Amino acid sequence: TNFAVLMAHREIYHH
Amino acid sequence: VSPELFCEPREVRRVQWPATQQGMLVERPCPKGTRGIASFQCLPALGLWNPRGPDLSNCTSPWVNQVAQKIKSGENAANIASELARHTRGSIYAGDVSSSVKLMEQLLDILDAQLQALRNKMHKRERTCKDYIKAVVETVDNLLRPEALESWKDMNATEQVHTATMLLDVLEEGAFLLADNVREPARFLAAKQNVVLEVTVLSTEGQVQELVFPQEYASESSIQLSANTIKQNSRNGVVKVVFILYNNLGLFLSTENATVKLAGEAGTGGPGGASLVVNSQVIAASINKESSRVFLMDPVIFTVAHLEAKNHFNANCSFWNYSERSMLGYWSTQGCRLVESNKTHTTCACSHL
Ligand SMILES: *[C@@H]1O[C@H](CO)[C@@H](O[C@@H]2O[C@H](CO)[C@@H](O)[C@H](O)[C@H]2NC(C)=O)[C@H](O)[C@H]1NC(C)=O
Ligand SMILES: *[C@@H]1O[C@H](CO)[C@@H](O)[C@H](O)[C@H]1NC(C)=O
Ligand SMILES: *[C@@H]1O[C@H](CO)[C@@H](O)[C@H](O)[C@H]1NC(C)=O
Ligand SMILES: *[C@@H]1O[C@H](CO)[C@@H](O)[C@H](O)[C@H]1NC(C)=O
Ligand SMILES: *[C@@H]1O[C@H](CO)[C@@H](O)[C@H](O)[C@H]1NC(C)=O
């Protein structure tokens, strides 16, 4: 079985 | 009557493309040095060319037919695989990439046939399997080097996924063929720039230790199976384990339809950009047979460095769920759990293979 970690790109930036 | 939109004549990928109506797919001969038919999509409504570029997936170098001809003449599978490794060291086109993976599949079937004919035979089978494995590990390493990645991107999204999935499948199948042709105890580790593979065949009698992969390698990814897991999966007093990790392959395993759970808004880092990405190497563990779908009482644990920490969030532990039939798939979080995560690394626990 082949595994990995997915991540999202940020959308919101404050300050 | 409002205006119709058209793409402009352009040379792209060394193919001259004609002015074309919005929505139309056009075909032209593959570029000099290759044979086949190339295509290029003029986007509907926009009348701009597909920004991913022409589809060169049907374009192959002369060596592809040469290798196919060696197969027909009945040459040894390990020897042919070795020639394939050599050919993929150089310049390669999109069609060469998918052909290479298809050729490894074909060669695996030929190899398995040769092995059944040798059912001194035992050491011959082992040598032949190891020769094949070294050749396919080199071929995979060649296909995943940074300078080869643009060729993969000359295939369309579906072809990239199909090719990457076939690649994952063939290497695992090849590894299990080796596992059938070594005597316990055995450990075979092969480490290259973009791929590392281990096959280990162990006795489950008495003191069993946890397995941690890789060894001999300053890895961005590692994976482990507990001693209990090894014990619980004994067959005739032995367990066969295959571990693999891949560099850059995640680029091609599309996150479309991935079943991730977002705790915030996903954006992009540019126009037309991706909002969900594979942000680690791909690392694999299998026990006894491919695609076992076995439940693990002690989960498999893996830890990965993020490929790019900046402006990314919401790590989700996932596995590639694919069909052996269609060789297409998607990333699923089913049976996986995040153990810990920070800006640079994530540790995952999954309850199945
Ligand atoms: C996918 O990401 C989500 C969002 O970060 C994870 O859900 C969080 O998990 C942490 C740790 O278990 C919890 O403390 C939070 O309460 C969860 N947040 C929300 C909004 O649900 C989830 O665990 C990740 N899934 C996988 C399989 O990695
Ligand atoms: C290109 O197209 C031809 C005709 O369909 C096909 O026979 C050949 O296998 C294709 N080549 C590749 C690499 O897909
Ligand atoms: C992707 O490429 C293949 C090979 O050219 C083609 O048959 C298929 O229709 C393409 N799919 C899409 C979605 O463009
Ligand atoms: C993703 O899901 C949608 C809805 O089921 C489906 O229409 C689409 O074909 C899927 N995408 C892929 C890559 O199969
Ligand atoms: C992030 O997690 C990794 C992996 O466990 C850990 O080794 C590292 O110390 C963490 N980074 C920090 C907290 O600086």
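- This entry, as listed in the PDB, derives from X-ray crystallography and reports a resolution of 1.850 Å.

## Comments concerning the overall build of chain B
Step number 1: A tally of regular secondary structure across chain B gives seven helices and 18 strands.
Step number 2: By the compact-globule yardstick of 20 Å for 353 residues, chain B fits well, its C-alpha radius of gyration being 22 Å.
Step number 3: Taken along its principal axes, the extent of the C-alpha atoms in chain B is 80 × 55 × 35 Å.
Step number 4: A burial count over chain B gives 50% of its 353 residues as buried.
Step number 5: Split by element, the accessible area of chain B, about 17200 Å² in all, is 49% carbon and sulfur.
Step number 6: Taking the average place of the 34 positive charges on the side chains of chain B and the average place of its 36 negative ones, the gap between the two points comes to 4 Å.

## Overview of the sheet that holds strand 14 (residues 295–305) of chain B
Residue and element names in this part refer to chain B.
Step number 1: If you walk across this open sheet you meet the five strands as 9-10-14-18-17, and the pairing is antiparallel. Edge positions in the open sheet fall to strand 9 (211–213) and strand 17 (336–341), since each of these has one partner strand only. In this sheet, neighbouring strand axes are inclined to one another by 20° on average, regardless of whether the strands run parallel or antiparallel.
Step number 2: As paired strands, strand 17 and strand 18 (residues 345–352) are joined by five bridges and run antiparallel to one another. Note on strand 18: the bridge partner recorded for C336 is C350.

## What to know about helix 6 (residues 157–179) of chain B
Step number 1: Between its first and last C-alpha atoms helix 6 of chain B spans 33 Å; for 23 residues at 1.5 Å apiece the expected length is 33 Å, and the two agree.
Step number 2: For helix 6 of chain B, a buried count of 18 out of 23 residues is recorded, marking the element as mostly surrounded by other parts of the structure.

Cut-off values and rules
- Residues numbered from 1 in each chain as written, not as in the entry; some residues may be left out.
- Chains lettered and ligands numbered in written order.
- Heavy atoms only, no water.
- Helix = DSSP H or I, 4+ residues; strand = E, 2+ residues; numbered from the N terminus.
- Rg over C-alpha atoms; globule rule 2.2 N^0.38 Å.
- Buried < 20%, exposed > 50% of the residue type's maximum accessible area, 1.4 Å probe, protein only.
- Areas by Shrake-Rupley, 256 points an atom, 1.4 Å probe, with all protein chains shown as cover.
- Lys, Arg positive; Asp, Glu negative; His and termini not counted.
- Charge placed at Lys NZ, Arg CZ, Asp CG, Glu CD.
- Pairing = 2+ DSSP bridges.
- Axes fitted to C-alpha atoms, helices over the stretch in contact; angles between N-to-C directions.
- Expected span 1.5 Å × (residues − 1).

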